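**Student:** The structure under discussion is supplied below as structure tokens; questions concerning it will follow.
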Ligand SMILES: CCCCCCCCCC(=O)OC[C@H](COP(=O)([O-])OCCN)OC(=O)CCCCCCCCC
Ligand SMILES: CCCCCCCCCC(=O)OC[C@H](COP(=O)([O-])OCCN)OC(=O)CCCCCCCCC
Ligand SMILES: CCCN(CCC)S(=O)(=O)c1ccc(C(=O)O)cc1
Ligand SMILES: NCCOB(c1ccccc1)c1ccccc1
């Protein structure tokens, strides 16, 4: 599901950009237990190659929400590596 | 049994020696409240001595002392007796008990009939610049300024005589007002005052639910929220604006969170006594009635930051229309000044600057009449008045055909162009840049001028007197002018052979040079010392204060047309209040919450 | 003196370069007032120089010398 | 020291006022140096005033002879 309202779009104002997918939302918020289950559940697994209205994937969304603060950047990097490493299991043929 | 023996035994705390006191009082038909047993210096009674002389927390002499007075048939009460000195008027034994931090004595006095509403209104307790201790004037207010929870609850809910949070002192200050005044901006002090503020306010919902403690106004007409704005105490001022509670004490909140979604929070802020629609509001107090240096930091808080921003956006068109009308008026002024001796347009131009001068004159007179109660923030308001007065005077002089009309017209043109800095505050580009001129730049320029001009006169008189004998400087005005040319880098320092004392005159001119250089370096050093100890963030807050003052003036409209004030926010049930929705996004705080 | 804006602008600018001719010109009827305007221009201009000097001064204290090496590398990178 | 200053603050300004009067006479006489009677009276006052400051400062330095920039104005006076 793609939440593409003006509140979720990135702009100068009252907004919360996290990408537009539940997988991207579960990645911007430091929620490991949610993000793995969404990716490897047997009912309907999410795909890291999914893109929002701007074409941003999960890795692109993490970059945009990443500040230069060293508390924020540590979690974004750790989330970045974990999603990238787990992507080698679910979709090895996709870079 | 005289005063000296009685004062000694109560100090030593030996009830066994107090046996003969009752017999002596009955024999002489006297009471403990009589002037014979009170120190004439202040009016201290025998009970007051006992409370300040404590052992193990309870003075065993107090109880026998109190029951003796009851047996003595005193028409007054020793417990309710107060001092009579000018400095310590109204001081009582109950005040001493709370000060000594001894709940047991406070329990003892009220059980025997202590009046909890005794008002210590002496000069020592009144707030003034000097040796004083302002805590309000009631024992309840004293028990609140001192962090004594156990005392303050018992005084409020005791079955003998319960105190009331709605009680007021000589200035009309309640318990909440007293906490505000004694509240410093230190973050150890402000934490206890806020915690005391919430606790008394919450407990007030139990003892007096029908009474709104936050809306009680003192003799100055200020609520506890308005008093914090006037006193410039931002730390407690911020908490009241953003006060939020949950559970049974939810109605006591002023900030109601509507919905929170990640870093984005939506909160309904109460605008009661805050919106500028009502007279003597918090916004008006900060801009005009407040005089603390913190008033620029209080206009950037929420909801004031968004409340003033929305007012500015509505009135930004009025600000530029006012700016455009001033540019047109000054464009006419400049053209008429230049083309002063085709005559019909000059006459029309003279009329417009005459009508314009009256318009600014009446506008500024109306402003100062409204500002007469509290008057550097009005720096341009004075200049806009002077430009109007000189323009009116110049046009009046032109009617009388006196030649001095032209100098006044030209001085008005100079002042009018300089008044254009007032409209730099309407743009973020120019507003922030022009902040650091009135605060430091303009003040220290005056310091150098006054000192330098005095000794410019001293050297000018010296040069003229010394140069009067021949082997230049014919008067003070001339000698002042030549001496001033050294400052502008055009001073003619030459060995003038026409003077008999040619050598000495050069020495005076040289001595003036380095002595003046001392003044420039001192001024440069003075300018230099505040730049290092300066915060760039203050420039943004000071500019917002300048816009805050501006929007409040335009809300009143023009002097010739008073516009109806529009109330901000909307009436929303939260118990319905005129709340103001504020949308706030904070990634840093949200991530720390995760 | 001061026959036009271009002339009057030039004489007023000479004060900034330290060559301003501040004299009591007897040829003018309002000789006293003209001097007051010239004097008022001097301190008012000095306010502008000091404000600019203060503005220049405030970023030097809050400056990092390491940025100069990185900015130069960006210039070479471009 | 604050209570001593409050008691002697009137003496400080009286000393200041006497110096302003003395310098006002000094400035007038210096300017109007070559009606002659007032100039002669003005010359006498600055002569008597000069001796007064001379004797006052000599007495000060005699008492300060044991321990001598804090006396910067004492030298100038
Ligand atoms: C568009 C053509 C205008 C031609 C010139 C007319 C005279 C204008 C006089 C003038 O300079 O007014 C300035 C004023 C705004 O100043 P302020 O209140 O911001 O001053 C700030 C001080 N700190 O401006 C106003 O208040 C608005 C103008 C009102 C015009 C109608 C007047 C009707 C009178 C009966
Ligand atoms: C009111 C009219 C005065 C007319 C001028 C009279 C001469 C005054 C001379 C003068 O300048 O005295 C200054 C002196 C104070 O200096 P100081 O001790 O603070 O110097 C500070 C140095 N650091 O002042 C005093 O000591 C007080 C004046 C004494 C007047 C009576 C004199 C009687 C003599 C017999
Ligand atoms: C109009 C906003 C609707 N929502 C926000 C999403 C942008 S919401 O998801 O319905 C929501 C969220 C949180 C709370 C709450 O914290 O009380 C209530 C409602
Ligand atoms: N070209 C427009 C420049 O605007 B100014 C400006 C622009 C951005 C930030 C700060 C200021 C400006 C110019 C002169 C004096 C004061 C401010």
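By Swiss-Prot numbering, chain B shows 75-415, 430-463, 468-563, 589-691, 700-719, in order.
Technique stated in the header: electron microscopy, 3.0 Å.
Any Cβ shown, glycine's included, is placed from N, Cα and C.
Sharing the features that Swiss-Prot gives for it:
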type     : residues  : note
MOD_RES  : B:82      : phosphoserine
REPEAT   : B:116-162 : repeat 'ANK 2'
REPEAT   : B:163-208 : repeat 'ANK 3'
REPEAT   : B:209-244 : repeat 'ANK 4'
REPEAT   : B:245-293 : repeat 'ANK 5'
REPEAT   : B:294-320 : repeat 'ANK 6'
TRANSMEM : B:393-413 : transmembrane segment
TRANSMEM : B:434-454 : transmembrane segment
TOPO_DOM : B:455-460 : topological domain 'Cytoplasmic'
TOPO_DOM : B:482-495 : topological domain 'Extracellular'
TRANSMEM : B:496-516 : transmembrane segment
TOPO_DOM : B:517-537 : topological domain 'Cytoplasmic'
TRANSMEM : B:538-558 : transmembrane segment
TRANSMEM : B:622-642 : transmembrane segment
**Student:** Within 10 Å of the Cβ of residue B:82 (phosphoserine), how many other Cβ atoms can you find? Include all protein chains, please.
**Tutor:** 12
**Student:** Which sequence-distant residues neighbour the topological domain 'Cytoplasmic' (B:455-460)? Criterion: at least 6 residues beyond either end, Cβ under 8 Å.
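**Tutor:** Residues packing against the topological domain 'Cytoplasmic' (B:455-460) from afar: 362, 470, 473, 477, 670, 673, 676.
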**Student:** Cβ under 8 Å to the transmembrane segment (B:434-454), counting only same-chain residues 6 or more beyond its ends: which ones?
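**Tutor:** Cβ under 8 Å, 6 or more out: 403, 406-407, 409-410, 413-415, 473, 476-477, 479-481, 483-484, 487, 490, 504, 675-677.
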**Student:** Cβ under 8 Å, sequence separation of at least 6 from the ends of the topological domain 'Extracellular' (B:482-495): give me the contacting residues as numbers and ranges.
**Tutor:** 407, 438, 441-442, 444-446, 448-449, 501, 503-504, 507-508
